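In: Return a 3D structure for these sequence lines:
(chains A, B, C, D and E)
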Amino acid sequence: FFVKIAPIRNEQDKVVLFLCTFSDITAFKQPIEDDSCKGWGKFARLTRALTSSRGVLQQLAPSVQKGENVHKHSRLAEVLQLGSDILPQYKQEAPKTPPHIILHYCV
Amino acid sequence: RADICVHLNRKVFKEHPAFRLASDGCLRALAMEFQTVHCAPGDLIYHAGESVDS
Amino acid sequence: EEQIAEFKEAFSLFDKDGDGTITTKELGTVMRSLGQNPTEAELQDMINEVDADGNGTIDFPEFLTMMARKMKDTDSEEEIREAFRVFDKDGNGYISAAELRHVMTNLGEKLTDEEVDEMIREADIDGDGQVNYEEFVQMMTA
Amino acid sequence: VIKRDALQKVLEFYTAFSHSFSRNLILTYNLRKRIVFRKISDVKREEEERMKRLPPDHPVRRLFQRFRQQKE
Amino acid sequence: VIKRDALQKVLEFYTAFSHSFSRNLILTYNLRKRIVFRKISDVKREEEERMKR
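Out: Numbers count the residues shown, from 1 in each chain, chains lettered A, B, ... in the order given. I have put the structure below:
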């Protein structure tokens, strides 16, 4: 598991909650098994397990070689983005509106 | 009325695994008794000490 | 049985050309993408190991047996599943009254139609003239 | 229509009438009782099947026995 | 939400269903049960105290 840990701050600036995102590195890292019918079977199982990363995010990767250089890292980049998106701080905040827009009920 | 109630609690009965096996009559019975509450942000439902009756 | 049908996506992904036959070249490519470079001989050996026909390839049906072998369900589950299979002559996840009657006849243990109906009613909860897997499991446990 | 509880109360109040009521009132159809029947299509199918065609009896044998026991 | 009494009545009425319901419905969190835990600050304080006496 690619465990991407992150501590969450608060509206009072203190740390209160944790976050920890996961991702399967079974087929990507290396093969080990305690009991199995064959190696091929094991591989298949691994593939089945690791569908979210290899299926939708790294879908241009299965043609081109050396996925550990770019693909896995790229996948981890989602987590990195999350690191920013997992700084809302669990604070009872106002509704988030983008800039260059004025509210419906403003003064 | 029963039908209406069922329709209202479609989010309950279709999602949860409890009521998939439930009969139609049973479902109807349930629906009649099911309330629905629209709680606000920062509005607590159960308070420590209060009676857990639902 | 059910989740094995959702596996087909993986198979599709594996196939580069899209012919329903996993070539060695494709496998090699996949391996390369992953970041591991084994020899073609190894791949060939692997192919030989699982596939039944042996035409330098294999289909989803071929894989199926392997998948089944891999699975390894529970003992109770295995028993119950077998029983279910025996009951349901067609094999559509549901056991009709007629089907039940037929199976009884096959067995030898004769009973009345009314009795059978009663049994069915006892089994069922939702009331659709049929019994689910969960419903079936109710009778075997208690 | 009349709610059963109220009706029951009434019957209790008028004891001599209750018996008479019981004697008289034949329900056109009870919703309590099951009806035993087969559909014709199903029968036909069964018949059709008839012309076509022990080890797993032990898991089901127990069940059968249980059913029999229940029956009494 | 559903009031317990009504639910109980319903369950009683539909006996075969009740068992199924029991089997299925896993509460995400029981409000009856206590949780056993200590706060980290308190633990730290305790540790600090440890060295004194």
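In: Ends of stretch A:78-95, what's the gap?
Out: The straight-line separation of the ends of stretch A:78-95 (Cα to Cα, to the nearest Å) is 24 Å.
In: What are the buried residues along that stretch?
Out: By neighbour count on 16 or more other Cβ atoms under 10 Å in any protein chain shown, the buried set for stretch A:78-95 is A:79, A:86, A:89. For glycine as for every other residue, the C-beta is placed from the backbone atoms N, C-alpha and C.
In: Of these, just say which sits nearest to chain B.
Out: Of all these, chain B sits closest to residue A:89, with 15.4 Å by Cβ to the nearest Cβ.
In: Pull the contacting residues for the one residue in chain A that gets nearest to chain B.
Out: Distance from chain B to each residue of chain A (Cβ to the nearest Cβ) is smallest for residue A:92, at 6.0 Å. If you count contacts by Cβ atoms under 8 Å, 6 or more residues apart in numbering or on different chains, residue A:92 has them with A:11, B:41-42.
In: Count the residues that sit near the closest residue to residue C:14 other than its chain neighbours.
Out: What sits nearest to residue C:14 in space, not counting adjacent residues and going by Cβ to Cβ, 6 or more residues apart in numbering or on different chains, is residue C:22, at 6.0 Å. Applying other Cβ atoms under 10 Å in any protein chain shown, we find 24 other residues in the vicinity of residue C:22.
In: dump the residue contacts of residue C:22.
Out: C:11, C:14-15, C:47, C:57-58.
In: ok so it is a helix residue?
Out: No - with the criterion set as DSSP: H, G, I helix; E, B strand; the rest coil, the secondary structure at residue C:22 is coil rather than a helix.
In: quick one: the lengthiest helix in chain D near chain C?
Out: Across chain D, the helix with the greatest residue count (assigned by DSSP state H) is helix D:57-71. Yes - shown here: helix D:57-71 in contact with chain C (Cβ under 8 Å from any Cβ of the partner chain) through D:57, D:59-60, D:63-64, D:67, D:71.
In: From residue A:1, how far off is the residue nearest the centre of chain A?
Out: When chain A is reduced to its mean C-alpha position, the closest residue under Cα atoms, centre = their mean turns out to be residue A:79, at 4.0 Å. Relative to residue A:1, residue A:79 is positioned 12 Å away (Cβ to Cβ, to the nearest Å).
In: Output the set of residues of chain C in proximity to chain D.
Out: For chain C, the residues in contact with chain D under the definition Cβ under 8 Å from any Cβ are C:79, C:82-83, C:86, C:96, C:98, C:101-102, C:107, C:109, C:113-115, C:117-119, C:121, C:139-140.
In: Narrow these to just the buried residues.
Out: The neighbour-count test (16+ other Cβ under 10 Å) applied to those identifies C:83, C:86, C:96, C:98, C:101-102, C:117-119, C:139-140 as buried.
In: re the thing from before, ok so the residue of chain A closest to chain B is a strand residue?
Out: No - judged by three-state DSSP, residue A:92 forms no part of a strand; its state is coil.
In: Quick check: phi and psi on it?
Out: phi -70, psi 80 (degrees, to the nearest 10).
In: helix or strand for the residue lying farthest from the centre of chain D, which one?
Out: When distances are taken from the C-alpha mean of chain D, residue D:55 lies farthest, 34.0 Å away, according to Cα atoms, centre = their mean. Counting by DSSP states H and E, there is no helix or strand that carries residue D:55.
In: ok, so what distance separates the nearest residue in space to residue D:57 that is not next to it in sequence from residue D:27?
Out: Spatially, and ignoring its direct neighbours in sequence, residue D:57 is nearest to residue C:107 (6.1 Å; Cβ to Cβ, 6+ apart). When Cβ to Cβ is applied, the distance between residue C:107 and residue D:27 equals 39 Å.
In: Show residues contacting the longest helix seen in chain A.
Out: Using DSSP H to assign secondary structure, the helix with the most residues in chain A is helix A:67-85. Contact partners of helix A:67-85, identified using Cβ under 8 Å, 6+ apart, comprise A:2, A:4, A:6, A:19, A:21, A:23, A:25, A:28, A:53, A:57-58, A:61, C:33-35.
In: Got a quick PyMOL command for the buried subset of those?
Out: To isolate the buried subset of the contacts of helix A:67-85 in PyMOL, counting by 16+ other Cβ under 10 Å, use the following:
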select buried, (chain A and resi 4+6+21+23+25+28+53+58+61) or (chain C and resi 33+34+35)
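In: Skipping adjacent residues, who's closest to residue D:71 in space?
Out: Taking Cβ to Cβ, 6+ apart as the measure, residue D:71 lies nearest to residue C:115, with 7.5 Å between them; neighbours along the chain are not counted.
In: List the contacts of the residue nearest the centre of chain D.
Out: The structure's chain D has its C-alpha centroid closest to residue D:34; by Cα atoms, centre = their mean the separation is 3.1 Å. When contacts are counted by Cβ under 8 Å, 6+ apart, residue D:34 touches C:117-118, C:121.
In: Confirm residue D:11 sits in a strand?
Out: No - assessed with three-state DSSP, residue D:11 is helix; it does not lie in a strand.
In: Could you find the closest non-adjacent residue to it?
Out: Ranked by Cβ to Cβ, 6+ apart and with sequence neighbours excluded, the top spatial neighbour of residue D:11 is residue D:18, at 4.3 Å.
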